[PDB]
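Structure first, then comments.
In this analysis, Cβ positions are derived from the backbone assuming ideal geometry, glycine residues included, and neighbour counts consider all displayed protein chains. Derivation of every value follows stated rules applied to the coordinates shown; laboratory data play no part.
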Amino acid sequence: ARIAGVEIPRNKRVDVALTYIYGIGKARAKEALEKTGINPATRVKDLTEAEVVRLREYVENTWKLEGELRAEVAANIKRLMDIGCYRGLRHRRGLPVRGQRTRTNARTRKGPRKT
Amino acid sequence: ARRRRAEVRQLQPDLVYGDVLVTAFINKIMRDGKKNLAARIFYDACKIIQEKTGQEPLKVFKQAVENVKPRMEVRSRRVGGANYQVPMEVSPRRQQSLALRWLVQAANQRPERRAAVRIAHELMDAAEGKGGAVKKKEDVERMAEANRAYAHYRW
Amino acid sequence: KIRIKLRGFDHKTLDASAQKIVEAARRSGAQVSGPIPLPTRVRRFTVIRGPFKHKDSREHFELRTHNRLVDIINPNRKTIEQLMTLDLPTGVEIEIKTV
Amino acid sequence: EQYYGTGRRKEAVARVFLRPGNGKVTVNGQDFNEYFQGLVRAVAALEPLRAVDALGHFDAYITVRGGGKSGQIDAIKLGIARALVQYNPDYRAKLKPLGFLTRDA
Amino acid sequence: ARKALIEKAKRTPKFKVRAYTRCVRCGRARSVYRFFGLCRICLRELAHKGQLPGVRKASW
Amino acid sequence: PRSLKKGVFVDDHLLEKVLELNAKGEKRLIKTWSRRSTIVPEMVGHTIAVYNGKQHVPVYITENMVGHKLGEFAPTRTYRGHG
Amino acid sequence: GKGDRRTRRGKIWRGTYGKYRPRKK
RNA sequence: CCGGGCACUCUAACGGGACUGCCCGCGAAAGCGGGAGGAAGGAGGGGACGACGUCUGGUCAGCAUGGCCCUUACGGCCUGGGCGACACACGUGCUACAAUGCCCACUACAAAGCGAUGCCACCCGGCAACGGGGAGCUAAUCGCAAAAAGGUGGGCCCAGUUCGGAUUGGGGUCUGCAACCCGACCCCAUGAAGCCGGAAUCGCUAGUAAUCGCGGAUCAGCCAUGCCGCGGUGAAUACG
Ligand SMILES: [Zn+2]
């Protein structure tokens, strides 16, 4: 339900609904769901409130989530810049850093076709 | 092919009906090399045509493939630098093979979710004579009768 | 007791010389283990036909290291005297080891 | 008393020993309907006996190496033909039109 | 740089990962085989004269 | 990279030179050919000169660098555009 | 997939053993 | 597992055997139909092989070879880079986007290759790459070595959805004294994008279209999804 405040997952099958949060996936979701022991088979509309609050207090206080992870990646790219590194330089050009080839395919972050 | 008549090929018979008219039907729905999916989706259809109506899946399949195979078909012939389309009696070797080819394309256009209910309903639609494949056959048979006047450019 | 191994390439004269060693051991009387043939080890090399810029059109060579094994369980005194001076190497390496 | 047959197709060598009995069949020490669980062409190897109507007149010991599933069963029926031409070789004039002793290349 | 390269290639020290394999008669910098230590052309030349033992033009 | 079972920046030449420098002072220029390692944890304000294959370029050290190597600051590429 | 490490296809492609792909049939 | 037989499987050798002979048809003949017989046919499937000539299309930068040429050099030297660059057009490799799909549990399947300057049994400790030992093997015996696709059993279900998953963050393993622009690893955390691909394009007619592991060579290290083998598995298709 209303787990991480503003970000709200609900609507038919809580197990895949928690995957829909930035920071929680299928592996960590199966981790939290196996720890809380709730069977994933039921939906979110048939659930007890205490299980939702314990889900909240578990995933909200155990790992790094939405606010801190987004701010952390922001500080990460700010750390890549202002040091004169190839990674920060490459992020400043707005081009991929994982050794791809720009003679033919880097359009995802290069943007539209600029003929 | 130039001189040899492209030698005929008989398939191995079916394992549940012992016939061969169902073998090529399994083989065309066999996509990218999956006979385990092909024969199972064909046998699923044979199971569906038990509850949709109380008929045998062999006798309903014969009716599904008898109407869809055409009698005539037009071909473009060059007689003196001009292409005239003439209709002719389509060979029985091509009749069933083009018939099942029409059946699979008629079933893949159906808006149903599963392919089993897509192929099963279109089979009885072909047996009744209202399916898309017999519709495609009806386009050709009316095109041939429209080109009926080509009765002196035959071969 | 004694393992006699023949290491060669050509199974033709290799099998022939091995069969003749078996025949000479049968000439010596007592039984001897049959010629159990070990499998051949293949060392393949893919080279190019042209001497430049041709990624396709490869040719492939091979190295066939054939091995034959005979084991003597009846070391008769002149059998071992005969098998040390009657060694005729036809390009085959011989290994006579005791255990 | 004992009839041996060999069947080879698609790298699956079938070594078949059929003995006179009730019709029981065993594959590599284990049995037919459990080693051929949920498949659809298990009767394809039994077809050469159905053709001569030898339903329950032959027991068989089966040892096959190599391949997958279908090369094994086709090699089985090839061995049944190779051995049913051994015992009572009159089955050639009724075997050749249906096509059993045919190693598919 | 065709004699100096094969002369400096024999100097396996100064961080052996900076060292590379080479042909010994021809001198090609790439595709030299670790089983023979010769270039592909050197193999094509020698093994066809029967000068290379154990090899055979495979045909199967 | 280099794991945590082993330590980062294991170089004995320039480190002995700069530890001899940090005790006396005056912070002059230091030439270096080995850009194979890190310089960021305990050196700030020092002027070095790293070779890019053609000319020894000068590099001053800052504080905003946590674990960056030496050679990524001085590239060897001379692009200057293509058109 | 074949570039990802938190799946099985990429584990087969990289030929490595790990948590998501252990040795147990 | 052992005596033991070792017929056999096996691993070589090396022969035999299938070749439009047979007969009927057809055609002057050639050739073209039928069966017989086989493990294999009417060349079994292929491998090698590539007539005289060809563009003198390629290279003295594989090496020679006419010449020209620099020698305190175009030689060597050692250092660092770079050759790995990007705003980019092209092909050529690879997976997928799910429900005949995704994980998860044992069981079972080859076949090719290396290695006592190495392959490395096996443990211990670690989740681990690894280390502390180290057995056996110059090696069908010791070893690399798990074959895998699979099956069944369960978890799920067309939901960016256990599918798929960039990248960022930091730590453990080892090769090179030394790994940053430029090696491979073990791990977390996030997961980009792809739910299905224009004009066009070409491949290929029975073991191929697909499809799965396993080795070997250039390796110190790996860039390799590069290559070559090696086996598992095998549909239609060819009327015109
Ligand atoms: Zn060479």
| Partner chain coverage, peptide C:40-53 - average Cβ within 10 angstrom | 4
| query | Is it possible to state the helix-based mean residue ellipticity at 222 nm for chain C, with each DSSP H run of 4+ residues giving -39500 (n - 2.57), the sum divided by total residues, to the nearest 500 deg cm²/dmol? What is it? | reply | -6500 deg cm²/dmol
| note | For B:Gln85, other-chain or 5+-apart residues with amide H closer than 5 Å (H placed, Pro excluded) are B:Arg77
| request: May I ask you to derive the relative contact order of chain C, considering only C-alpha pairs under 8 Å and at least 6 residues apart, and to give it as an integer percent? | output: 47
| note | Note: F:69-80 gets an average of partner chain Cβ contacts (10 Å, Cβ to Cβ) equal to 2
| task | Partner chain Cβ atoms within 10 Å, averaged over the residues of D:43-50 - can you pull that number for me? | result | 1
| field | Pairs of alpha carbons in chain E whose separation is greater than 18 Å (percent) | value | 42
| field | For A:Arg13, residues with placed amide H under 5 Å, excluding near neighbours | value | A:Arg43, A:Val44, A:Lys45
| Label A:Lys26 and C:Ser57 with points 7 Å out from Cα along Cα→Cβ: what is the distance between them in nm? | 4.9
| field | Calculated Rg and Dmax of chain B using C-alpha coordinates, Å | value | 17.8, 58
| said: So if I take the centroid of the Cα atoms in segment C:74-99 and the same for segment B:25-83, what is the distance between those two points in Å? | reply: 74
| query | Relative contact order for chain F using alpha-carbon pairs under 8 Å, separation at least 6, rounded to a whole percent? | reply | 25
| note | Plugging the Cβ-Cβ distance of A:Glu60 and A:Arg109 into 1/(1 + (r/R0)^6) at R0 = 30 Å yields, to the nearest 0.05, a FRET efficiency of 0.45
| note | Taking 0.36 nm per residue of separation between F:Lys24 and F:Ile61 and subtracting their Cα-Cα distance, the length gained on full extension comes to 11.4 nm
| query | Applying the Karplus parametrisation 6.51 cos²θ - 1.76 cosθ + 1.60 with θ = phi - 60° to the phi angles of segment C:60-67, what ³J(HN,Hα) value in whole Hz is obtained for each residue in order, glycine and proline being reported as x? | reply | 9, 9, 7, 10, 9, 8, 8, 9
| task | Give the residue from A:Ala74, A:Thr36, A:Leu47 lying farthest towards the positive end of the charge dipole for chain A; charges sit on Cβ (+1 for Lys and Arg, -1 for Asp and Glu) and the dipole is referred to the Cα centre. | result | A:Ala74
| said: Quick check: the distance between the Cα centres of segment B:104-141 and segment A:80-95, to the nearest angstrom? | reply: 59
| request: Filter the chymotrypsin sites (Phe, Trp or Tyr not before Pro) in segment A:44-115 down to the DSSP loop ones having no more than 15 other Cβ atoms within 10 Å, then list what survives. | output: A:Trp63
| message | Just to confirm the number: angle between the C-alpha axis of helix C:11-27 and the first principal axis of chain C, 0 to 90 degrees, nearest 10? | response | 0
| D_trans [Stokes-Einstein, Kirkwood Rh over alpha-carbon pairs] for segment D:6-49, 10 °C, 1.306 mPa s, µm² s⁻¹ | 132
| Where does the Debye-calculated log10 I(q)/I(0) of segment B:75-155 sit at q = 0.16 Å⁻¹, using only Cα point scatterers of equal weight, no solvent? | -0.70
| query | Packing-wise, with mean Cβ within 10 Å as the measure, how do E:28-34, B:65-71, D:70-76 rank, highest first? | reply | D:70-76, B:65-71, E:28-34
| request: Just grab the label-to-label distance for C:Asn74 and D:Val85, each label 7 Å out from Cα along the Cβ direction, in nm (one decimal). | output: 4.5
| said: Name the residue from D:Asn33, A:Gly99, A:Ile8 whose Cα lies farthest towards the positive end of the charge dipole of the protein assembly as shown, charges +1 on Cβ of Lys and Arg and -1 on Cβ of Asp and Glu. | reply: A:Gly99
| request: Provide the convex hull volume over Cα atoms per residue for the protein assembly as shown, in Å³. | output: 434
| Potential extension, C:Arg26-C:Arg49 segment - 0.36 nm per residue separation minus Cα distance | 3.3 nm
| task | Please tell me which of these pairs span more than 25 angstrom C-alpha to C-alpha: E:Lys10/F:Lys31; B:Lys34/D:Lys10; B:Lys47/D:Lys10; A:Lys78/F:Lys69; C:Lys55/E:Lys16? | result | E:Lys10/F:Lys31; B:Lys47/D:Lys10; C:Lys55/E:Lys16
| remark: Label model pair B:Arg31, A:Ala50: point-to-point distance (7 angstrom along the Cα→beta-carbon line) in nm is 5.0
| said: For B:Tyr153, project a label point 7 Å along Cα to C-beta. Then give me every residue of segment B:72-115 with its amide nitrogen under 14 Å of that point. | reply: B:74-88
| task | For F:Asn52, enumerate residues with amide H under 5 Å from its amide H, sequence gap 5+ or separate chain, H modeled in the peptide plane. | result | F:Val57
| query | Counting pairs of alpha carbon atoms under 8 Å apart in space and at least six apart in sequence, what relative contact order in percent does chain D give? | reply | 39
| task | Tabulate in residue order the Karplus-calculated ³J(HN,Hα) for segment A:60-65, using 6.51 cos²θ - 1.76 cosθ + 1.60 with θ = phi - 60°, rounded to whole Hz; enter x for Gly and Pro. | result | 7, 10, 9, 10, 7, 10
| request: Quick one: divide the alpha-carbon radius of gyration of segment C:5-73 by 2.2 N^0.38 Å and tell me what you get. | output: 1.71
| task | Quick one: what are the phi-derived ³J(HN,Hα) couplings along segment A:21-38, Karplus 6.51/-1.76/1.60 with θ = phi - 60°, whole Hz, x for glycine and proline? | result | 10, 5, x, 10, x, 6, 5, 6, 6, 6, 5, 5, 6, 7, 6, 7, x, 5
| said: As a test of the formula, what do you get for chain D when each DSSP H run with n ≥ 4 contributes -39,500 (n - 2.57) and the sum is divided by the residue count, at 222 nm and rounded to the nearest 500 deg cm²/dmol? | reply: -6000 deg cm²/dmol
| query | At 222 nm, what helix-only mean residue ellipticity would chain B give, in deg cm²/dmol to the nearest 500, using -39500 (n - 2.57) for each DSSP H run of four or more? | reply | -15500 deg cm²/dmol
